[PDB]
Amino acid sequence: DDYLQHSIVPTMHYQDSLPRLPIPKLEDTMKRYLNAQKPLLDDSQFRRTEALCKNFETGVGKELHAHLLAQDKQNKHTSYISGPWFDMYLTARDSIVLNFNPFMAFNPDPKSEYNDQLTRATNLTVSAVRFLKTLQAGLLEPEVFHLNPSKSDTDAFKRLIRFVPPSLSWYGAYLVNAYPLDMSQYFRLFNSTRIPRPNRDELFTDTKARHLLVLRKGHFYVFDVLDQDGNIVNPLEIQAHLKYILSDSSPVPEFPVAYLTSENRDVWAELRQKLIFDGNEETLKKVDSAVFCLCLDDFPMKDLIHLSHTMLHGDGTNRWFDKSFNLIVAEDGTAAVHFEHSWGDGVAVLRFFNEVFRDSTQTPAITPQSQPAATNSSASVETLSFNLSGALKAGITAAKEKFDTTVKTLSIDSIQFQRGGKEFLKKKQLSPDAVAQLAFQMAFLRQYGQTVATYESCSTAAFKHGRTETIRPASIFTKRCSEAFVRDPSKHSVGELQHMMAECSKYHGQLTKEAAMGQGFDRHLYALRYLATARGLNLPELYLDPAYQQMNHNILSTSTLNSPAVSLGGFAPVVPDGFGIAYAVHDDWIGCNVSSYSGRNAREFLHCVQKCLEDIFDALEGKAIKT
Ligand SMILES: CCCCCCCCCCCCCCCC(=O)N[C@H](CC(=O)[O-])C[N+](C)(C)C
Ligand SMILES: CCCCCCCCO[C@@H]1O[C@H](CO)[C@@H](O)[C@H](O)[C@H]1O
């Protein structure tokens, strides 16, 4: 059948009974805030910030917190941060490219010849559409974190839990140490896009649409991938339609319309209204409503740097950046998912990504020797046509100029530390994640001699409408340990360094456990500020503190995903003088793919990361450190 899974537990079985996102006690939030400021602030700065926190906790902060709690109890169907967080993305006026949109790239199909572009584009497309059908049938297994898959991720448990009503289901899982996650975002995976508007962009879905959108050389093509009965279109016909697009001989358009999706959101909002004025709404709706956007690039990947640039931004002509996601397939079959961030999070995109990798590699729809159907693709595939005014053409030229200028400022590079990973570190009773994070702290100290604002994403999807909380890796412990290794390594014994690392790891583990339970401080302080602003009040003095601004200017922005389907991933820095650090700790090795703008140096940072990882592993093996 057209399904990639056959869950007996309905996909959405736990949704109704998910726990609500906790609101921390304000006293906890202020303590945690200060704990994270301790490594960043001089004594005088910290004392000023400390006084502000005291007045906030007993003053206007107490009052905003009471209101936040009252509001949350009138809105038990959601989380206190969901509205504010959708706003953070959707009110943002800057380009979604680089600032927000990440990518994850697939490993190759293990079978060499299945990496043919036509073959793999067909197979990946069909798997993605199989995913859509599986979700819609309620046949996709619910997303569940298991503390022990051996006990709870079993047919025995599945057999019973399917009889527990959704009002009670979450508790059945909880009782077996299993934690169903929110899946509300899955409704925006397909047939969905972000529409530029004044003030705040709009999330559009049209679940009735049956067509795929394909970009090749900046030309837009659409064809049905679901028939009138809801069945997947013959994969041989899909293959034929993709071959038809690959065969087209038209050069890149004079004014590639896709550039517009990389613009400032007010500029793009105006230009889209003008497209509508000029009679393009029907065409735009075909773009907006397609199941997803498939992008066919006509060049192979030169190396991982080329891959990163290609999947993170491309050349401006061949990505519809607004779409829920773009599935990119290069000439050498290298594929990736590039996604718009407002609707979704790593956890949900990864589930899709993982199921599509599994299905396209283990049960490919077509082979490299399949013969395309003899189908009238000239009729079945529509090449979209936009009516562009003089203003639209000027807009596209200005969109390209801005795009090209920004991309020029961006560098990306990677390391693959081969000496060890999870296996070695777990044997040393350390958190692998903490160790990578320590390395980044230590590397930044070695390169720049500073301790800076650092962000690590953590999923709160265990809660209703949960997205993320911020882990703050830059701690008193990491600062102390980085100082020891970098500035006075002769001053500490190998045992003392090991203790310093144990402490780092413990504290990181504590921060991680807390953030996952909604017990970070960032989202809570964020919501309180949002609430003051929404109620028409002046910004509280806590938020005018330069220390608050500095804490939220994340020079080191980090995120990790763990998957055998992932070759690499990436995102640009979140501030001009930042690094965007995508990393993974594997059993045997640690990879980082780091982005930077002109004001930082990613190549030097990565050389520093490598050295720090060498020092860390040396000390853990009891070897005196190489200086
Ligand atoms: C050569 C080895 C390289 C391996 C890289 C591992 C892949 C990691 C890819 C992560 C890309 C981002 C995926 C999820 C998006 C995400 O984490 N968004 C974060 C969302 C949030 O709310 O924190 C934002 N930010 C990236 C800026 C921290
Ligand atoms: C077979 C699966 C076992 C289901 C056990 C149901 C337990 C749900 O009981 C729950 O207890 C909570 C604390 O008192 C309350 O917040 C909820 O209102 C209540 O429904």
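The rules behind these values
Residues numbered from 1 in each chain as written, not as in the entry; some residues may be left out. Chains lettered and ligands numbered in written order. Heavy atoms only, no water. UniProt positions renumbered as here; feature names shortened; annotations may be inferred. Helix = DSSP H or I, 4+ residues; strand = E, 2+ residues; numbered from the N terminus. Rg over C-alpha atoms; globule rule 2.2 N^0.38 Å. Buried < 20%, exposed > 50% of the residue type's maximum accessible area, 1.4 Å probe, protein only. Contact = heavy atoms within 4.5 Å. Areas by Shrake-Rupley, 256 points an atom, 1.4 Å probe, with all protein chains shown as cover. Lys, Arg positive; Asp, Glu negative; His and termini not counted. Charge placed at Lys NZ, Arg CZ, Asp CG, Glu CD. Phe/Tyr/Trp six-rings, centres within 6.5 Å; stacked < 30°, edge-to-face > 60°. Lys NZ or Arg CZ within 6 Å of the ring centre and 35° of its normal. Pairing = 2+ DSSP bridges. Axes fitted to C-alpha atoms, helices over the stretch in contact; angles between N-to-C directions. Near = heavy atom within 4 Å. Polar contact = N/O pair within 3.5 Å; in protein donor to acceptor, adjacent residues only side chain to side chain. Nonpolar A, V, L, I, M, F, W, Y, C, P; charged D, E, K, R; others polar. Domains from an automatic or database assignment. Disulfide = S-S within 2.5 Å.

Method of determination, as given in the entry header: X-ray crystallography; reported resolution: 1.78 Å.

Under the UniProt heading Pathway, the entry covering the protein gives this text: "Lipid metabolism; fatty acid beta-oxidation." What UniProt states about the protein under its Sequence similarities heading is, verbatim, "Belongs to the carnitine/choline acetyltransferase family."

## Things to note about the overall build of the protein
A tally of helices and strands in the protein yields 22 helices and 18 strands. Over its C-alpha atoms the protein spans a radius of gyration of 25 Å, differing by no more than 12% from the 25 Å that the globule rule assigns to 627 residues. Its C-alpha atoms give the protein principal-axis dimensions of roughly 75 × 60 × 55 Å. Split into buried and exposed, the 627 residues of the protein put 57% on the buried side. Contacts in the protein between residues at least 24 apart in sequence constitute 78% of all its contacts with a sequence separation of at least 6. Total accessible area computed for the protein in this model is approximately 25900 Å², and 51% of it derives from carbon and sulfur atoms. Across the protein, the 66 positively charged side chains and the 72 negatively charged ones have centroids separated by 4 Å.

## Considering the packing of aromatic side chains
For any pair of aromatic rings, the description consists of the separation of the ring centres together with the inter-plane angle of the planes. Counted under the stated rule, the structure contains 31 aromatic pairs. Taking the centre distance of 6.2 Å and the plane angle of 85° together, the rings of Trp85 and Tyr89 count as edge-to-face. On the criterion of helical spacing, the pair formed by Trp85 and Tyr89 is a turn pair, its members being four residues apart in helix α4 (residues 82-90). Looking at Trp85, the relative accessible area reads 9%, which means it is buried. Through pairs of rings, three or more aromatic residues link up here, namely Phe131, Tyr186, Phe190, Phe292, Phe325 and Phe352. In this arrangement the basic side chain of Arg467 is found over the ring face of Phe86, its NZ or CZ atom lying 5.1 Å from the centre.

## Concerning the sheet that holds strand β12 (residues 411-417)
Sheet architecture is open: six strands sit in the order β12-β18-β17-β15-β13-β14, paired in mixed fashion. In this open sheet, the two edge strands, each paired with only one partner strand, are β12 and β14 (468-471). For this sheet, the mean inter-axis angle between neighbouring strands, taken without regard to orientation, is 25°. For β12 and strand β18 (residues 590-596), the ladder comprises seven bridges, and the chain directions are antiparallel. Looking at the pairing, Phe417 lines up with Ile590 of β18.

## Focus on the side chain of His309
Take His309: it is sitting in helix α12 (residues 304-312). Those residues in contact with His309 that sit more than four places away from it in its chain are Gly314, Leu410, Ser411 and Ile412.

## Considering the environment of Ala534
Counting through the fold element by element, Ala534 comes out in helix α20 (residues 522-534). Since its relative accessible area comes to 48%, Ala534 is described here as partly exposed. Distance in space between the C-alpha atoms of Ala534 and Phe56 is 18 Å, their sequence separation being 478 residues.

## Details of the site of ligand 1
Around ligand 1, a shell composed of 21 residues is seen, among which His341, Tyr455, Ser457, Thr468 and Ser559 lie nearest. The side chain of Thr468 places a nitrogen or oxygen atom 2.6 Å from an oxygen atom of ligand 1. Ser559 is positioned such that a nitrogen or oxygen atom in its side chain is 2.8 Å from an oxygen atom of ligand 1. Relative to its unbound accessible area of 710 Å², ligand 1 is 94% covered by the protein chains. Elements represented by at least two residues in the shell around ligand 1 include exactly α4, β13 (454-459), β15 (556-560), β16 (566-570), β17 (579-585) and β18. Tallied by class, the residues present in the shell around ligand 1 amount to eleven nonpolar, ten polar and no charged. Two domains each put at least three residues into the shell around ligand 1: domain 2 (20-99 + 411-563 + 574-627) and domain 3 (100-141 + 181-410 + 564-573).

## Some remarks on the state of the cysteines
In the structure shown here, the tally under the stated rule is zero disulfides. Unpaired in this structure, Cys592 has its nearest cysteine sulfur neighbour in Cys612, at a distance of 11 Å. Taking relative accessible area as the criterion, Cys592 reaches 4% and is therefore assigned buried. Free of any disulfide, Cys612 has its nearest neighbouring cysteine sulfur in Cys608, separated by 6.3 Å.

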